[PDB]
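To begin, one chain is listed below as structure tokens, in the form solved without coenzyme A.
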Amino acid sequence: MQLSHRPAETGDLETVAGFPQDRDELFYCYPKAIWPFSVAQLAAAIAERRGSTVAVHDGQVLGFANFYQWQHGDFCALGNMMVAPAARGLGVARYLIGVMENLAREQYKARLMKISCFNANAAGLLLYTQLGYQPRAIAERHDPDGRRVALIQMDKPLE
């Protein structure tokens, strides 16, 4: 695994929009989106967010993330974390989170990163825990079927 990163580009959109594999996966990384995901929905998110970044290995875009909140001197909130199915479990999310932490520090002078994770996403909860994120609160959300879910709000200091 030899990873690099760069800002997302329009030519990346179809690849990245292909990463969520079902309605649940889309919900866990973009709960406002509607299944099926699309390039137009992804581009609309990018336009209203900051710091949209891809991770690349062996000439392939394998991961994407951005910030859905950003407050200079204060914090950023990581969003839209998506990884190519074949590249799951291989450190791509871990790598991108590190890159986004540096970007929050550098671009926003952030002292904290916030990550919100839906309760069903065990893999995310475990990874964010390995990376030093701590749970702070639990908020109620509703999934696309109107079922109540729990959004675990985590954070981590950035010095």
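Numbering starts at 1 and runs along the sequence shown.
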Using only C-alpha atoms and the B-factors in the entry, which stretch averages higher, 101-109 or 24-32? 101-109
Lowest, middle or highest third: which one holds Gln130 when the chain's residues are ordered by CA B-factor from the entry? highest
Chain thirds of CA B-factor: placement of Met154: lowest
Among the modelled residues of its chain, the C-alpha B-factor of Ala87 falls in the third labelled highest
Taking the entry's C-alpha B-factors for this chain, is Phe37 in the lowest, middle or highest third? middle
Against its chain's modelled residues, does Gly51's Cα B factor rank lowest, middle or highest third? middle
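Absent from the display: the form deposited with coenzyme A bound. The rest refers to it.
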Using 4.5 Å between non-hydrogen atoms, is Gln130 touching coenzyme A in the deposited complex? yes
May I ask you to state whether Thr53 is within 4.5 Å of coenzyme A in the deposited complex, using heavy atom distances? no
Do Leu126 and coenzyme A come within 4.5 Å of each other in the deposited complex, heavy atoms counted? yes
Using heavy atoms and a 4.5 Å limit, would one call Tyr28 a contact residue for coenzyme A in the deposited complex? yes
Would you mind checking 96-120 for residues with a heavy atom within 4.5 Å of coenzyme A in the deposited complex? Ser116, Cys117
